[PDB]
């Protein structure tokens, strides 16, 4: 399985990537970066942090766009920390080493990969700016991609950054609409914020993000600590669940519903995902196998 990752690497993105890194059936062919949770510069460094701590700084990292498509920067709390990665200390991980960053823009580099790589998959964990620009430029190339796995939206209209809108799709609703109207929704699987709260864990009862012993455990514990707090003591593994579904396929999904999705692009409900039952729409995952989810997360943290 050939996988591309577009990310605004904050805390839960980083774990998503660890999930992809750990499974040997997954070849990460590139990582593209975009400014969501934090600035593009911070994202790029945080992807570097994650690869280093895992010990595979082999994957090319590409910088993408610098702002949403047309939408402004708005006003956020630093939910993922000032650095976008929980404000961790690099000395606690040995990652005060130079950062890698390819030359090509991520849009150009994505288009090239969708042309020159067969059965390519993309896992989107971020506002969809990079992807939407690639579909605007070379839709024929991007359409060669085999499947889209996207963390975004909330099909029950219950958002997080907004009462109505999930963060990725409120941050660049135009970009989301572009994807939902240019890449076949039938070949699109969605892990929504509705899913991430439904499959959430009380962090007092589950300890799988709360270990020391090795660097992977330390990284996961320290990065996840402020957002677990922000989410009210719950673990809401939005991006990891999307990585989970990407890597493990039908085994990852307990229940899904084919849903045609479309974006609200004005009014107080800007960024809300409208849902309509349609057998050629998106596979909107409704329930994951939570035990297989915690299993693979523990296994990637295993000493062995």
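Residue numbers count along the first chain shown, from 1.
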Worksheet item: Coordinates for residue 105 lacking in at least a third of the other PDB entries compared?
Response: no
Worksheet item: Is it true that residue 156 has no coordinates in a third or more of the other entries in the comparison?
Response: yes
Fill in: Mean temperature factor over C-alpha atoms, higher-scoring stretch between 123-131 and 179-187
179-187
Discussion item. Going by the mean C-alpha B-factor recorded in the entry, which is higher: 167-175 or 140-148?
Written reply: 140-148
Fill in: Selection by C-alpha B-factor (highest) of 256, 33, 69, 265
256
Response to the item:
The third of the chain into which the C-alpha temperature factor of residue 59 falls is the highest
Fill in: Third of the chain's Cα B-factor distribution that residue 300 belongs to, per the entry
middle
Worksheet item: If you rank every modelled residue in this chain by C-alpha B factor, which third holds residue 85: lowest, middle or highest?
Response: middle
Fill in: Modelled-residue ranking by C-alpha temperature factor, third containing residue 19
lowest
Discussion item. Splitting the chain's C-alpha B-factors into thirds, which one does residue 243 fall into?
Written reply: lowest
